[PDB]
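Taking the form deposited in one PDB entry, here's one chain by itself in structure tokens.
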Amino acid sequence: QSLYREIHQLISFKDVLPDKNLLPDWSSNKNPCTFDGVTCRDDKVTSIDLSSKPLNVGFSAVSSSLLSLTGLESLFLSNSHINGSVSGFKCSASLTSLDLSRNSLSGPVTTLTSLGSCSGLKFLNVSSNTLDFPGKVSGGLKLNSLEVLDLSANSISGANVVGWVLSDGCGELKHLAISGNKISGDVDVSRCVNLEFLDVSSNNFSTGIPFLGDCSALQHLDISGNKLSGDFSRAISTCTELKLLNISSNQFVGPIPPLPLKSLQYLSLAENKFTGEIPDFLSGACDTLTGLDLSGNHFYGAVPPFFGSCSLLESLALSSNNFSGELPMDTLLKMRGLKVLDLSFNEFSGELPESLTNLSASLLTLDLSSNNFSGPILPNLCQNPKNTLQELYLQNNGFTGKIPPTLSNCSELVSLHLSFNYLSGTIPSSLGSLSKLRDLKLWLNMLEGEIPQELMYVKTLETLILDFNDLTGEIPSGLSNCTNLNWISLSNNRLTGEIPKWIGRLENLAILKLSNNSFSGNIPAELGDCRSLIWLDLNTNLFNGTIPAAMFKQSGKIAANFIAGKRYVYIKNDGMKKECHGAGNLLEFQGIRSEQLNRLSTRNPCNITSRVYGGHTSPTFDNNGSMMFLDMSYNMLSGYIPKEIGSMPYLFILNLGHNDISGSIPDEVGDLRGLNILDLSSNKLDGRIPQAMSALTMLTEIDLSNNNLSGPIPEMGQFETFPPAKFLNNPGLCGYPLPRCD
């Protein structure tokens, strides 16, 4: 307790740190109560917080210098790069809280039994470490005094690990968390009569439901993300005080069983296989319910009317079921607190309820996507003094009419998604007033007119998806102002003009898809200034001139990390139909059912059956990438292929077919390691296939037909795997699959 001991113990810790500048104001002839990270009371150290500092030392240093400090009551070393493992040590009787979370502690969890030296320990967070339970489950943690224990996000695989933790007693335990491991077996917390919080989620529990005994204090029960299928209703029947029940992402079946509803605030049965209709007994929860999630089940029927009495409800998730019918406009108006309404992926029908025109003052997310709704979009939505709606998802319905210009009064809008409908008219110029909008998606509609110049006022715009409409005119120069644009998709319209040279100012542009339009002029070399471009599809236009060598300037220097995480669809071209152009169509696909892709048969000549790939967008690099997709087929390009085309290691697809390209194939093609598809067919190419193409080991498809190439086909490589039709109409070429070179 002397200042001598305190300073020497604390400075001895600093003097084992690899980087001592992490504790710069810790100095030996200076009172510790003036140190950053120290907490004092009456000139005595009571707590130390060095969290989020890269200390890079072992637990042995912490136990010898800090945990032994007399009077220390708490030590917070979360995310501090403490490795090693726990061992015996002398612990201050005053220590009540120890936070060693988000570190690299290792060894068996039995190491934690030596923390019993801390006679006063009541709180222990050793989550996000690498502790394990190798071998057989035996003994006990023997930390009876703990009130809060978090062993989550470790490497604990085993059966009945919970029994080991609770073996020596759990009368004082109020909060137990063991999520994110691979624990299995039994969970008996019947003796833990003061347990208020239990989180055994994201484990490998596939047998019995936890035994909660009398359940007299349990307020929070989280068993989600396992493989449970038994009778949870009976196990929780006596739980009178339960406020949160999350049983989602399990293997439960059958109808919604009886539930304890007296105190229930949050309930999630999502991502299971429950069946039936929403039972009316749940009405008994409308006095307390603040959140409900029944998504990802096999529920059906209509939304019951008792939801009108659920006035405290702030989130109603019912998506991905077989719910049907029109929704009650009389029940929604009573949910004054509802801030999330997700009804997506069902078969609700009818017109939008006028209730929404009122709920626009409390809602942040309105998701009705992938339903059977019809009629016009509410022309009076967001008429309230303060409209808080941030996300409007109405895509993949049967909505008709015009896009209401009133939507600009939704000032807080961040995402507008009206794609896959039958909307007509123009893109309202008033949308330029949405100063916070990031996503404007309206593709597969019947929109006409031009792209509003007024989008120049939306500095926050990131995605502009307008494919498969009837838009005309040129690309408005006002988009140069939208400097955060990373995804621009304007395919299958009737647009004209040129690619403006100001495209180079869009530092964040990753995807530029302009196919099947009437764009013309030369390819702007300024495309080479786009530091983020990874997907350029210009197929089926009227572009002319030569391919500028400068496009590939940023090659190697590209680093698009911003686009990652966006739902998409890629419709591969079979090549069996001559009306279908291009390698394939990359299309945004948030909140849309792949089943409705057959709506495209009236706009696209391609066959979609069994050709649809999907996922969330994921670039193959982070910092030193190149262009991944380049399609400029079916234009009128001329000149030679710049040898800088081979500068892109990450290019998967290069489609330059159906042009007037001249010259010879530069040997640099062979440097395109990742090239899965390459065709230069229907062109004016000359010479012989560079022998360096044998470096290409990832080709699944090549087409060099309809050219004037001569000479032998490279003998090594993948060239022999391809049929002769991929080399046909080239009088000078010979060698298997063709006749051997005479």
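Quick note: we count residues from 1 along the sequence shown, nothing fancier. Throughout, rigid core stands for the largest set of C-alpha atoms superposing within 1.5 Å between the two forms.
What comes next is about the form deposited in another entry, which does not appear here.
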- Note on the structure: Across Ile82, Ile465, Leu527, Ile451, the single C-alpha shifting 2 angstroms or more between the shown form and the other one with the core held fixed is at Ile82
- Task: Indicate whether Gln590 shows a C-alpha shift of 2 Å or more between the shown form and the other one, with the rigid core used for the fit.
- Result: no
- Query: Is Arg438 among the residues whose Cα moves by 2 Å or more between the shown form and the other one after superposition of the rigid core?
  - Reply: no
- Large Cα shift (2 Å or above) at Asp293 between the shown form and the other one, core-fitted: no
